[PDB]
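Chain letters run A, B, ... following the sequence lines, proteins first, then strands; residues in each count from 1. Both backbone and side-chain heavy atoms feed into the values below; hydrogens, waters and symmetry mates do not.
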Amino acid sequence: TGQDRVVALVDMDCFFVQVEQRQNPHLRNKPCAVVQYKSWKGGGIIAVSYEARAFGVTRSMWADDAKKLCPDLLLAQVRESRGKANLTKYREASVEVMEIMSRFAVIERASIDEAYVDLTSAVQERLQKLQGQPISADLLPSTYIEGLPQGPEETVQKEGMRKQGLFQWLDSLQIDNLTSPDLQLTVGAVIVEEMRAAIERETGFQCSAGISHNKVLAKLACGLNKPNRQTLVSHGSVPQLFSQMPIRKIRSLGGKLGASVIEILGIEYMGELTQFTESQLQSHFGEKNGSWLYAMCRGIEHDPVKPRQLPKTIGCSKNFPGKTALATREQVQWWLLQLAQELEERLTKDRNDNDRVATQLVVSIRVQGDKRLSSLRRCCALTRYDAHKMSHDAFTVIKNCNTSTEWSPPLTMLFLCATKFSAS
DNA sequence: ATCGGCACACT
DNA sequence: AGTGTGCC
Ligand SMILES: Nc1nc2c(ncn2[C@H]2C[C@H](O)[C@@H](COP(=O)(O)NP(=O)(O)OP(=O)(O)O)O2)c(=O)[nH]1
Ligand SMILES: [Mg+2]
Ligand SMILES: [Mg+2]
């Protein structure tokens, strides 16, 4: 079936922008982006409001270039600490949202601004409490039903379409059977409406949600009606939805694997995957992937929503690209120390707030003219949350790397990460 | 010089 | 353990 569970995916809209907009009222309802490291081309853009997007502004764009596209664009700068970007403000805002969501159901923190929710149980409970009662259209004020309306002047308006689709969906719904997968999705959507309302009221942040039977579909659904809307993707909408759906849009298919599927199989849409047998797919892409693709193109995925609200690892890194690369011993030690200081500050907060300690410290370095993203990876024991010792240990482990009071080759990157957390 | 940052599969 | 991928 693949209609066994109810899963939702919630994602904040232009999250960093919202954080800056809440803190500054002036940036509200204006085109704006968030940038870091202004010196170079005005800084790199990592977050763009929807007002700015209408002008074509995107992340990974230089602020100066963005200005050319959008003359009145307002910019917000990431806090800078110890010579590197500090994402503390956004991490704290993130916790706020996660905490509200946690109240409604067990969630999986997928990223800083999105979380997966398994509502299977909550939906069942709700059904019992409102048992025998129809679902009013009023309960789903921002819900879109994928694939509707269908068949037969309101439609010209976006809102008109949404209302008509929802009416058709609700009208079709049979209150009589609790078991119906579609009914459970509708109830789950009501819960997500309530959850989204709570988030907006308590944090002031707007967000979008996708409600479906699995995480991949939920994610896909979420992206359909951004921003400030939630989309319900039923099992039945999948054939029509997937039929013109590019392969790269499915989660985890945006990279090389997706490209292999397209290149090898000679298809461009998700639906086209249905013709191939499971065995064929497994032979081309492996047993695990083959199984996943065969099931996925039919709208079925079984990956569980992990009950995890905390990051497994905590790391900080800095790039020194091109000329800026560190060529001296003293430089490497100084930067290692800076990294260690931020790490210690985050670690202490983690120990006090989450009551756990990290057992392993990981050091990563890159050198000039290296094809590999990570030039080297090393780990050492992390006995105490002390910056001086941590930097010294990292240096001790990577001291052997230098080929030549000078360092050679110069280092493109420094990376420290704390891992292997244990209860304390 | 599109940065810093997470999780996972594979060996 | 260390490497490589994919995403936010
Ligand atoms: N440094 C950095 N931060 C990033 C990057 N990509 C995203 N972020 C940070 C900054 C982002 O604000 C935040 C959330 O990631 P999204 O959900 O993928 N995009 P948003 O919520 O902005 O918009 P919407 O969801 O409505 O399209 O993660 C990046 O490539 N680099
Ligand atoms: Mg977002
Ligand atoms: Mg996101």
Sort and list the pairs that fulfil ring pair (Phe, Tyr, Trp, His ring centres under 6.0 Å) and have at least one residue in residues 334-365 of chain A, not counting sequence neighbours.
A/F320-A/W335

Partner residues of A/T313 under the side-chain hydrogen bond (donor to acceptor under 3.5 Å, both in side chains) criterion, sequence neighbours left out:
none

What does the list of N/O pairs under 3.5 Å between the protein and nucleotides 8-11 of chain B look like, with a distance for each?
residue	atom	partner	partner atom	Å
B/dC8	OP2	A/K312	NZ	3.2

According to ring pair (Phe, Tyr, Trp, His ring centres under 6.0 Å), who are the partners of A/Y385, at least two apart in sequence or on a separate chain?
none

A/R109 near the nucleic acid: base, sugar-phosphate alone, or nothing, with a heavy-atom cut-off under 4.0 Å?
nothing

Give, ordered by number, those residues of residues 335-358 of chain A having at least one heavy-atom distance below 4.0 Å to an atom of DNA chain B; if nothing qualifies, reply none.
A/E342, A/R346

Looking at residues at least two apart in the chain, or sitting in another chain, which of them share a salt bridge (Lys or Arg N to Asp or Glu O under 4.0 Å) with A/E345?
A/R82

Looking only at side-chain atoms of A/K84, point me to the closest of B/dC3, C/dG2, B/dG5.
B/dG5

Can you name the residues that form a salt bridge (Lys or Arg N to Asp or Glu O under 4.0 Å) with A/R79, not counting sequence neighbours?
none

So which nucleotide from B/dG5, B/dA1, C/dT5 ends up closest to the side chain of A/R372?
C/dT5

Atom NZ of A/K41 to atom P of B/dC3: distance rounded to whole Å?
12 Å

Name the pairs: protein N/O against N/O of nucleotides 6-8 of chain C, kept only if under 3.5 Å.
residue	atom	partner	partner atom	Å
C/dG6	OP1	A/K256	N	3.1
C/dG6	OP1	A/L257	N	2.9
C/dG6	OP2	A/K256	N	3.0
C/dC7	OP1	A/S252	N	2.8
C/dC7	OP1	A/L253	N	3.3
C/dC7	OP1	A/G254	N	2.8
C/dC8	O3'	A/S111	OG	2.9
C/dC8	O3'	A/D113	OD1	3.0

By salt bridge (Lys or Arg N to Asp or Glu O under 4.0 Å), which residues pair with A/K256, not counting sequence neighbours?
none

If you look at every strand shown and take non-hydrogen atoms under 4.0 Å, does A/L373 touch a base, only sugar-phosphate, or nothing?
nothing

From the options B/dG4, B/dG5, C/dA1, select the nucleotide whose nearest atom is closest to the side chain of A/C379.
C/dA1

Sugar-phosphate, base or nothing in reach of A/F15, heavy atoms under 4.0 Å
nothing

For residues 181-202 of chain A, dump all side-chain donor-acceptor pairs below 3.5 Å to protein atoms at least two apart in sequence or in another chain.
residue	atom	partner	partner atom	Å
A/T186	OG1	A/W169	NE1	2.7
A/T186	OG1	A/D182	O	3.0
A/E193	OE1	A/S142	OG	3.0
A/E193	OE2	A/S142	N	3.0
A/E193	OE2	A/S142	OG	3.4
A/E193	OE2	A/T143	N	3.2
A/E193	OE2	A/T143	OG1	2.6
A/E194	OE1	A/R126	NH2	2.7
A/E194	OE2	A/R126	NH1	3.3
A/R196	NE	A/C207	O	3.2
A/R196	NH1	A/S142	OG	2.6
A/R196	NH1	A/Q230	OE1	3.3
A/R196	NH2	A/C207	O	3.1
A/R196	NH2	A/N228	O	3.1
A/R196	NH2	A/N228	OD1	3.3
A/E202	OE1	A/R103	NH1	3.3
A/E202	OE2	A/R103	NH2	3.0

Which residues share a side chain to side chain contact (heavy atoms under 4.5 Å, CB included) with A/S408, sequence neighbours left out
A/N402, A/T403, A/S404

Which nucleotide sits closest to the side chain of A/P321: B/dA7, B/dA1, B/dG4?
B/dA1

Please enumerate all residues that pass side chain to side chain contact (heavy atoms under 4.5 Å, CB included) together with A/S111, with sequence neighbours excluded.
A/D113, A/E114

Could A/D64 and A/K41 be called an ion pair, given the rule that one side-chain N must be under 4.0 Å from one carboxylate O?
no

Looking only at atom P, what distance separates B/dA1 and C/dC8, rounded to whole Å?
24 Å

Between A/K226 and A/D11, is there a side-chain N and carboxylate O pair less than 4.0 Å apart?
yes

